[PDB]
Amino acid sequence: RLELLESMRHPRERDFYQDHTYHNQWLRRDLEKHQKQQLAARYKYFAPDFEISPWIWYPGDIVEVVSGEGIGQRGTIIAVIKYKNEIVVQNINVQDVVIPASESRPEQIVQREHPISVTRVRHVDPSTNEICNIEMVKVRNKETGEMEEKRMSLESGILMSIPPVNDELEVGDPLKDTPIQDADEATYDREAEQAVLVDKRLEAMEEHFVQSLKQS
Amino acid sequence: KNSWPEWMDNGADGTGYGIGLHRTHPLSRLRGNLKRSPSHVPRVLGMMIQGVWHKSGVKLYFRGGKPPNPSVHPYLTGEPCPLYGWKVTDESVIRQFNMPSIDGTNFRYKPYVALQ
Amino acid sequence: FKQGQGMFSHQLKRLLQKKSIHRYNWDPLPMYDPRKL
Amino acid sequence: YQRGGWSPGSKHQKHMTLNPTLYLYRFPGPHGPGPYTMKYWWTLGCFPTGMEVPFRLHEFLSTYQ
Amino acid sequence: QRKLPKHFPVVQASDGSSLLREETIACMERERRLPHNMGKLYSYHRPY
Amino acid sequence: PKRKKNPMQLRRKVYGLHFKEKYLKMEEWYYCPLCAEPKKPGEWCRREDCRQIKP
Amino acid sequence: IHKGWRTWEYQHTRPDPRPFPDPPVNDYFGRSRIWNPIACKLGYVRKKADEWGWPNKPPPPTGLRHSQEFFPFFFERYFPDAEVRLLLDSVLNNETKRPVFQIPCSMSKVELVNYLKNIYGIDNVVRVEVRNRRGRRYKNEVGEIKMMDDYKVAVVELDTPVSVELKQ
Amino acid sequence: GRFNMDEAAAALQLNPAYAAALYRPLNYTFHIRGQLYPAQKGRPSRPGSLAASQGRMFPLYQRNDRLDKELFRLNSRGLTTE
Amino acid sequence: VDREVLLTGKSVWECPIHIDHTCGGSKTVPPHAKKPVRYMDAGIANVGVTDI
Amino acid sequence: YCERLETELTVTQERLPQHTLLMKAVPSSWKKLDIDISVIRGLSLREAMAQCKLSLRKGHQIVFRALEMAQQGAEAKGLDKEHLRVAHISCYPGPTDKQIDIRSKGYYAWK
RNA sequence: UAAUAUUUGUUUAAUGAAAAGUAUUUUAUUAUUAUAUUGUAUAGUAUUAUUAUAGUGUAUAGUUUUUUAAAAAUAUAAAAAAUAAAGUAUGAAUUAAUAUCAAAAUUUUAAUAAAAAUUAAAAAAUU
Ligand SMILES: [Zn+2]
């Protein structure tokens, strides 16, 4: 609306400092306080330790919604946004997403699941189908002394494994990438080059020491 | 007196050829007038803000709007002589970039490593 | 000059506040030189 | 001297040696900041005084995101 | 019991060797100047 | 001024004819038979019909 | 002290000096920014952490520290670090005899030519012109003033006009 | 059959880049302080707009150092007593 | 990344940006620093208590 | 109950044969604009636009812009152009910017 | 106070400018005869103020932002002459205990008495 804002005023009234500014604007000086509050309220996950400790929720688990809208609905965890402490649950909290117009496309209104807070969702026991309080347990993996961590339901005593992190394997750059048989060839013979290094340290150390002897 | 030679205080010639800040590779015998000591702190700033007004009507070092960093100058590699404008007294301070090539399997190496 | 609206005098009010390296240089003995005894 | 508030928005006369203030050309007022400072906001990129830190996050989320 | 305050950054290798910590810090810093990922800026003050 | 004026003193100025003639007054007009714009009689437009015959 | 103040009613704590000191850090990200010559403890201590482990490791003999083989010099000789980058708009579809490089400010006119000779194999360089341009300053959408690193603009004059062609 | 400053300079042997520099102020050719207008200074690229620099919008007002070094400041080889 | 995750539906584990919670103040602290060992601290937390 | 209340309030305001345009941050004063408004109350749209077009005042220009846009709004709503009337015109105090008026002997005031 | 004062951009000899310590030059730019390094445009006095201070060096680049349709009185110059006041736009400052106001006269009351009492006869707007 800016141009009609300037079409309604008088030509007689000047407004100075159109491209420059009396005070230098390249100093760092803080924002006014209520937009600092906007930043804080919008950006909470920048705080230290906002990530929840030994994080239980992994995609594929069946979960009830305990409080808020959709209360009492069971779903499956689709995706995990971990640093925000948020969870996408299957066909729960589904709202519209507006995909704007462009050169080739019109504006599309497209339904999508939206992230739910982790606070209000609780696991469902795969056996009993009840809400179980899950504790986190270390168990020696098969053939492995590392005792990797699984999640147990305290009521029924059931262990749930952690799924893998499998990702885009669809990315590759063959010309510019070294193959593994190439990269894993050991060229390090250490004793020889070690001898060379050590001798050429020795030379300088001796040289400065004899210079010290000189000026003494 | 002054550790740094006297040609960088007043010029090597009448037009004040060699004056300003000079930083030294600290493996090199020659020395510059960049000293971070408290007692030297006025005059280095005195170069960075003022610069110097030579009697020849030309303002040396910083005459402009962008004050020079004395810290990131390339190293002092020599001393000025009137005949050949700059004598290189030390060549070992100039970085000679040298890269080994076409040795062994080096040709097969590529900037990134592939996936499994 | 430190008094001005300029930014050089704005830096000099601030940059000159940091504290320099301190070592205790304890005084030389030019006339009694222990190393020649 | 000082027939008004000690604010840099307040109505009446001030004096420099008593109530020193720096030169704020168009200082956006107590309420709404108006169409003039917003004119400046949409043309030169910030308010004319250079003390108001340009904060556009709320429209970055609107158009580019 | 913590050996550094909770709000300190973790700058270290995965082994715990502090050998490279200055390179890591320098890297993080040049990265806070101009993040490689960074998309189009919506600011009127733009680097070019 | 020696004193704050109340809303009545502020309202006294609008009873005057000077005020009414200046501010709240409606203008008399008709439609320009050549241009179809609203027009006050005696003021014309830059158009070659409206200079010779000025309607 | 014609008259003694009542000092017995104060607990002992140092008041802040009213002409309060501003913080030593430099907030001005503009053109005229000054590098601070004054050296604090932290500089030397971080040096000492960088070069050898100072807290833990024992210091090497001085003869090593002052020699070409000492690690920051060794690694600099055999593993150099420079971003010598090219403005493409100089070498894009126009034929240009003078490509324009961005360079770390610590390089000389000689070191650039050495760089281009031994690495990129650019063997004909008539000469180099050098500007020092302060790094690019920008504000983001929160209004955080940021400054990309300072650079050196080198106009590099060749014998043979050079273009890099764009397939449309 | 007009004036044509270039052919006027060519007829006078005046170096046509110079002849034009006589008729603009010394601010726009030579390195000399002078009144500059902040709208000429140039602007970074907005979201609506492109970048604005004083290379594209004012080519003819930019400084030339051919003229500056040949006119104002001294040559060193005239003074060398070595 | 928020928009892109909302669209593609991919799960994100680590934060796409590094957050320095000291706002560049941790570089001021010397590199060898560590907190001292505090003995017999005041608190109820080291008694693990679930029900009170 | 509440969402139903606001529902019926919005729908009883909406299905009414009127168009209400609100223009914000108009660049005039309150007193001046009130003066320039009080002429136009209780007029046809025709005479409103004509009286706005025929005066030398800023307020009337602003009101002309408002009339034109509200007219486009009302036509987009499906009403008749020839029967429109200004049922309600009012001004109420908006936002403010401030400025330095410099005065001799180190005096200043805020415009 | 304030529908107020102020502002009000229809014609340039400010030629020049180091002493300014602020102003994103995206690559401002040699073709050099010279070598490395470094740096060139508008912020003095709280202002884009009355308008700078000083050292260069030169004389035909006109080197290109000042509203307006009567008269008093104020300001210049010769009570004549030149200038300025209904104006559209911007919009301060001194002042403010007040009731829609307080006009005229007479005496009185602890010192003008816009305090009393009595008689009386003050419409509105603008200058
Ligand atoms: Zn007509």
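Note: ideal-geometry Cβ built from the backbone for every residue, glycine included; neighbour counts use all protein chains shown. Every number here is computed from the coordinates shown, using simple stated rules; none is lab data.
Observations
- Here the range B:47-75 and the range A:126-157 have alpha carbon centers that stand 71 Å from each other.
- Among the trypsin sites (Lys or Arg not before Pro) in the range H:6-74, those placed in a DSSP loop whose Cβ has at most 10 other Cβ atoms within 10 Å are H:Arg33, H:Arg56.
- Rounded to the nearest 20 debye, dipole of the protein assembly as shown from Cβ charges on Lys, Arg, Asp, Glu: 6940 debye
- Rounded, prolate or oblate (a/c below 1.5 giving rounded, otherwise prolate when a/b exceeds b/c) for chain A by Cα gyration tensor: oblate
- Residue of D:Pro28, D:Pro48, D:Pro20 that the Gaussian network model of chain D assigns the largest fluctuation, springs spanning Cα pairs under 10 Å: D:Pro20
- Modelled label reach - A:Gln111, point 7 Å along Cα→Cβ, the range I:3-26 residues with backbone N closer than 18 Å: I:7-9
- Applying 1/(1 + (r/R0)^6) with r as the Cβ-Cβ distance of G:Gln102 and J:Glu82 and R0 = 51 angstrom yields a FRET efficiency of 0.15.
- Sequence-distant residues sharing a close amide H with A:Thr178 (under 5 Å, placed H): B:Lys110, B:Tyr112, B:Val113, B:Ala114
- In terms of its C-alpha gyration tensor, chain G comes out oblate, because a/c is 1.5 or above while a/b does not outweigh b/c.
- Look at the dipole of the range A:26-158 built from charges on Cβ: of A:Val110, A:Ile158, A:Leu31, the Cα furthest out on the positive end belongs to A:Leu31.
- When J:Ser55, J:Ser38, B:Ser3, B:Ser37 are arranged by Cβ crowding within 10 Å, least crowded first, meaning fewest neighbours, the order is B:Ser3, B:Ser37, J:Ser38, J:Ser55.
- Ranked packing of B:82-88, A:63-69, most packed first, by mean Cβ within 10 Å: A:63-69, B:82-88
- Residue mean of other protein chain beta carbons inside 10 Å, A:32-44: 2
- Ordered from longest to shortest, the equivalent ellipsoid semi-axes for the protein assembly as shown are 60, 48, 35 Å, each the square root of 5 times a Cα gyration tensor eigenvalue.
- Virtual paramagnetic centre 7 Å along Cα→Cβ of B:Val58, amide N under 19 Å, in the range B:66-93: B:66, B:68, B:79-87
- Taking trypsin sites (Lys or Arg not before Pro) across chain C, the ones in a DSSP loop with at most 14 further Cβ atoms lying within 10 angstrom of their Cβ are C:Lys2, C:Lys13, C:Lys19, C:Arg23.
- Each of F:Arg3 and A:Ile56 was given a label point 7 Å from its Cα along the Cα-to-Cβ line. The distance between the two points is 7.8 nm.
- Using a cut-off of 23 Å between Cα atoms, the listed pairs F:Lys25/J:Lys53; F:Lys40/J:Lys53; J:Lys32/J:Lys77; C:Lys13/G:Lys41; E:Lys3/I:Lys27 include J:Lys32/J:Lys77 as exceeding that distance.
- A:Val97 long-range amide H proximity, modeled H, under 5 Å: A:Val110, A:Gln111, A:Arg112
- Unit charges at the beta carbon, dipole of chain I: most positive-side option, I:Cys15, I:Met40, I:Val1: I:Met40
- Cα gyration tensor category, rounded, prolate or oblate, for chain I with a/c compared to 1.5: oblate
- log10 of Debye I(q)/I(0), alpha-carbon scatterers only, for the range B:1-84 at 0.21, 0.26 Å⁻¹: -1.10, -1.52
- Helix-derived mean residue ellipticity, 222 nm - over chain J, DSSP H n ≥ 4, -39500 (n - 2.57), to 500: -14000 deg cm²/dmol
- Calculated mean residue ellipticity at 222 nm for chain A: -6000 deg cm²/dmol, from DSSP H runs with n ≥ 4 weighted as -39500 (n - 2.57), summed, divided by the residue count and rounded to 500.
- Look at where the Cα atoms of the range G:41-61 and of the range A:66-108 average out, and the two centres are 52 Å apart.
- Ordering of D:10-19, F:43-52 by packing [mean C-beta count within 10 Å, highest first]: D:10-19, F:43-52
- Scaled radius of gyration (Cα, divided by 2.2 N^0.38 Å) that the range H:30-82 gives: 1.76
- Each peptide in B:101-113, B:46-58, G:127-139 gets a packing score, the mean of other Cβ atoms within 10 Å over its residues, and the list from highest to lowest is G:127-139, B:46-58, B:101-113.
- Taking other C-beta atoms within 10 Å as the exposure proxy, A:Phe209, D:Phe55 rank A:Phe209, D:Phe55 from fewest upward.
- Dipole axis of the protein assembly as shown (+1 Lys, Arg; -1 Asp, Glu on Cβ), positive-most option in C:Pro28, B:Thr89, J:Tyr1: C:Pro28
- For chain C, the set of chymotrypsin sites (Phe, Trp or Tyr not before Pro) satisfying both a DSSP loop assignment and a count of at most 10 other C-beta atoms within 10 Å is given as C:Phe1, C:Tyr24, C:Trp26, C:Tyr32.
- Note on F:37-48: average number of Cβ atoms from other chains within 10 Å of each residue's Cβ is 1.
- Exposed loop sites are taken as trypsin sites (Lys or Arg not before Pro) in a DSSP loop (any state but H, G, I, E or B) with at most 16 other beta carbon atoms within 10 Å; the longest stretch of chain A without one runs A:30-139.
- Here is how the number arises for chain E: DSSP H runs of 4 or more residues each give -39500 (n - 2.57), the sum is divided by the residue count, and the result at 222 nm is -8500 deg cm²/dmol.
- Mean per-residue shielding of peptide G:129-141 is 6, counting Cβ atoms of other chains within 10 Å of each Cβ.
- GNM on chain J, alpha-carbon springs under 10 angstrom: the most fluctuating residue among J:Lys58, J:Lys32, J:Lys98 is J:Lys98.
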